[PDB]
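Q: Take this structure, written in structure tokens, and hold onto it; I'll ask about it next.
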Amino acid sequence: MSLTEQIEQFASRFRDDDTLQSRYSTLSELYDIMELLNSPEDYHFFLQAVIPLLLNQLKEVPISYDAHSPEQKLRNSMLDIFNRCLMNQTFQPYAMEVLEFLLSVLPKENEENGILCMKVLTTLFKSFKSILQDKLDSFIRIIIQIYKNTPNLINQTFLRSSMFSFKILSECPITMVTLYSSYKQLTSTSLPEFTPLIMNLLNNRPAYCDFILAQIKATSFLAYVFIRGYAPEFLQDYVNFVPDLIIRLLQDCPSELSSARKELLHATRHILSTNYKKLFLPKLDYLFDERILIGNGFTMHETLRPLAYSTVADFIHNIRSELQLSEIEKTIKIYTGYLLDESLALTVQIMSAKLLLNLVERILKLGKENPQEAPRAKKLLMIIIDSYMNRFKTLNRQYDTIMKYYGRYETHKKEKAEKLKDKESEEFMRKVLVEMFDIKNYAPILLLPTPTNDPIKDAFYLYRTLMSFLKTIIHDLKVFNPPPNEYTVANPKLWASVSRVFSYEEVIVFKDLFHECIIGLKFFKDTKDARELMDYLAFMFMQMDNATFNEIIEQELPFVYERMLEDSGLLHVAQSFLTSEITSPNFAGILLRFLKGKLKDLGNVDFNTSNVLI
Amino acid sequence: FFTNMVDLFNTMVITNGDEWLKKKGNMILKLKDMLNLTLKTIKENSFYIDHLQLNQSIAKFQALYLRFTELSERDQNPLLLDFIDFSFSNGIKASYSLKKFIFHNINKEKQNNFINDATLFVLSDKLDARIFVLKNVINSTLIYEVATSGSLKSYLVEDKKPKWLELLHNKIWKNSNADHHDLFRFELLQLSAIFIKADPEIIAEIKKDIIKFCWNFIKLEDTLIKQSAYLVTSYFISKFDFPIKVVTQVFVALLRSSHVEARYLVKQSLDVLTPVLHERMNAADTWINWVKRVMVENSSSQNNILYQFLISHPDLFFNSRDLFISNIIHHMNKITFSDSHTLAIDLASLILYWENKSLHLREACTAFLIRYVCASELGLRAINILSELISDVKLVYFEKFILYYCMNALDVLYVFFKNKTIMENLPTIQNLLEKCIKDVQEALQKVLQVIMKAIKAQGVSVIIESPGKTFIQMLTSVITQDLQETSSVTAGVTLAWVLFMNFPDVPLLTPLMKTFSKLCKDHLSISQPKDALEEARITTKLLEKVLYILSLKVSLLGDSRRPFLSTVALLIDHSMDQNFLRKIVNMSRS
């Protein structure tokens, strides 16, 4: 600790070069400088030796241009201590000793260089940009020096800017211009000229790849700065390029690596985190350019599909300012199709639900419109249910598809719960007296291992919110009712106070819901909250037209009664539907008929089936 | 008209049994084209597109065609054609077809007839989804054959061709250009998963040739597939014979992790290698030294450390550089300064396992275990294995160490209970315990109960003996007499009960006769309703239950035994105490 170990180390390292142990002793000291056993405050002592020894190093292995076999291994010896420290105390004095060494290695950048230096440079920039003590303008000058050396090393010769991290003084009165040189370069010019060739050729695909991969890795970090000059900084009079630059960022992404997209995503999230750029761009952009070709690549990127969609979900959720009907039609089809894409993630689905329900309000808001536009808006309202019906009716039956295999999951969900699990009084008295993807799981090639969940509690949240958004949907459905004087309705308030019409398909859509959800209700092992959910489903179907309410009940009743033979909570569902004092005159009529058969065959039923009937 | 006729067909298909075309259906051809012809004019028109009027009817013919597919016997051709017609527009992905495939899968040589037909159909690349869903059928066919068998035995017991190796060596030689939805990678993973399936089979060198094409796949690196091909390599490597240079480099490849961590494979690849190399190390340690340099080359990666936690179970069985690993572990203990603790718990246990079969670092290990509690499980029990290890910073560096006081109350209790195994140390500990007199008192009751186990003698009766007992007991009375110290009185009662467990001797009984008196006052205060929320009753249940338990337990119901039963009648006025009086009679009956 600048002690008998450190004294014996530098003494045995008498000559600065020697053979393999000279590499080995070089690395191990920096490793303990990183990660020794203890630390009795030798860091200000060792750095007082180190910034000289680094000057002794930066003299010995000076520059760029492929100083490869021991000298970049000396730069590997240089890199291993280049950050192996912590900016705790006496940082600024040796930092000026480092600032000399930092400007010393500030140029040398190309042709096998940029390894030892950048590791030192972050260790300096973290200690520098924690403060704003104005020595970082020398760094920005050192930055702009290499930021001339880089288009020299790139644009003629046909890396790792961290420019926001370089500009982490968090004010930026020093203007954008140095980055805005590169910004207008990479954006307002297509930074590769093969890209206007390739983008015109679309409507790194050839072998000239690592250059485009360079130009992508450049513009990515160039985007990485641009939010730190957009989110805490407002620019003026530069507004036409930025959606096009977003369209340019939209146009290019290679997909060998993954954090490329992921940063660019969280960048676009930060780019979405702007407000007027949110206010301007989707009104101007045909955001259909952000198709499934926005997120493409590996099935690694399938894990990236949520935040990709979720930001796009956040996009229209912000951009819900009067999106046109055909545009809303694509919005429905894509996102409810994305919501139909239910094999991705429930939270993604549940979010996409709340997108659509908020979009339904926008469909309600803009749909309150032209009587010319109203039947298409009613067709949109028909499409709304056509989303909505098929939304649940797939997913709940998909959930019902799961429910059979969920017994085996219950055979596991109990099993992990099975695997989970007064002597003063007593002794004083004593001595003193699988036909699905379950088999696909059973394969030794697997990405993530098998998770675990309370699937009903998963389903109940699934069932609640989806029925919840269903509940307001039919509540809004009493708006696009036809003129009921076509049927000569004497109560023009009462007609169109509830449901007035539907398609024969839409009825057949609606009748499926009870045919789903009641059969859907089977998953309740050995509650009344779900009966309150069933009440909500009844309260949903309470908001309906009576002839349909008659007719579906006709189809419901045997399917009720046969399934009512399973369990008794359906009686509470019956108790619900009668007791509302609107559905009472209807639901009398069926059950009066529907019992009136079985009374004759009351002769021999089960005591259950008696009591069920009784 | 595109919809309405289809149900008009379907309602006729409903009524007629075999069919109204008698399971032949030339109109099924006239319809299947007409739907694509409806999909033709669909590309022209945009009135109510993606209608359920279509989409339900679209399901209907799909239901219809699948029904005839079950009804017919040509179990090759409509499979592709439907997948073709479903690739044509508006991809359904019929679970019914998945059910029918599940009906088709679960030897039928019709499956083998489909198998070469499968070898044909996905190789019949003409969309991607059409080829992809075939692979979905193909891998599932491949999996369910080997899974629902001993080992692929419908094919493993003389599949009557190398129809696989006809396709496989064709594929293994191909590697053609190594698919927007990673369909190539999907085809690769399918090729990988199939090759993972056939790795337990009879192909040795052709599989080693097929694993050589997998090395070209290991040469391919996009991040998911890269670890996957690394995962593919290890399952070959456990199965196939391995060069040592390949063995170290794969362990070096195992040392190369990534961001979206395929640790599941990496643990499984470890679960391959940690038998194999250690058995080979049993068969012979240069790999560990190269590993140790690589371990040195971790660059702050605790992913290496968690990998090393598994790897230390052979390595502590090896027991080569244990303190060097532990010196890394303290620097890793410095690095986290609860994941590292379990690693420290494993590493302590590993060090415990060899030495049972420095202590200052073990003392510093206890300092982190206390500091892990103070910045807020197993770590109490890990201190207990550390207690059995440190009895295979002395006691005093925690004079300041609420929740921190309570955690140290538990910690000093286990510290005392272990180091007990004394007669001067414990009053000196009671000197420290009198110093730190800040429930936590219930934890102090557990410490006193640990002190009560220490207060057990076994041959020390009137040998010198009770200042520590008396100083607590008056302090038990004084704390009780003040206000609201009911549980504190009970702890002092439990102390006095431990004291009665220790001693055959009234001076406890006179506050205790005051106690059941004050509990009787507290009973009438608590039975002022003839039924509060939950707690103060059940405490004063158990408080009086202990208070009852002792006052009878020795002998000599006192001169105010007349005051004693006066509470007992007010107890009989209350509604509780089923077992308690039932015992209390039984000894009094005795």
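One-based numbering along the chain as shown.
Determination method: electron microscopy, 4.6 Å.
Cβ coordinates come from backbone N, Cα and C, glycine included.
Dumping what Swiss-Prot says about this protein:
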MOD_RES   A:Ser2  N-acetylserine
REPEAT    A:45-91  repeat 'HEAT 2'
REPEAT    A:93-130  repeat 'HEAT 3'
REPEAT    A:236-274  repeat 'HEAT 6'
REPEAT    A:354-394  repeat 'HEAT 7'
REPEAT    A:464-504  repeat 'HEAT 8'
Q: Return the count of C-beta atoms lying within 10 angstroms of the C-beta of the residue listed as 'N-acetylserine', excluding that atom itself.
A: 17
Q: Six or more residues out from either end of the repeat 'HEAT 3' (A:93-130), which same-chain residues have a Cβ under 8 Å from its Cβ atoms?
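A: Counting only partners 6 or more residues beyond its ends, the repeat 'HEAT 3' (A:93-130) has Cβ contacts under 8 Å with 44, 47-48, 50-52, 54-55, 58, 61-68, 72, 75-76, 78-79, 82-83, 85, 87, 136, 138-139, 142, 145-146, 149-150, 152-153, 157, 159-160, 162, 165-169.
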Q: Mind checking how the repeat 'HEAT 7' (A:354-394) divides into helix, strand and coil residues in DSSP?
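A: Per-class counts: 35 helix, 0 strand, 6 coil.
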Q: Based on DSSP, tally up the residues of the repeat 'HEAT 8' (A:464-504) by helix, strand and coil.
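A: The composition, in the requested order, is 19 helix, 0 strand, 22 coil.
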Q: Residue counts in helix (H, G, I), strand (E, B) and coil for the repeat 'HEAT 6' (A:236-274), per DSSP?
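A: Residue counts in helix, strand and coil order: 26 helix, 0 strand, 13 coil.
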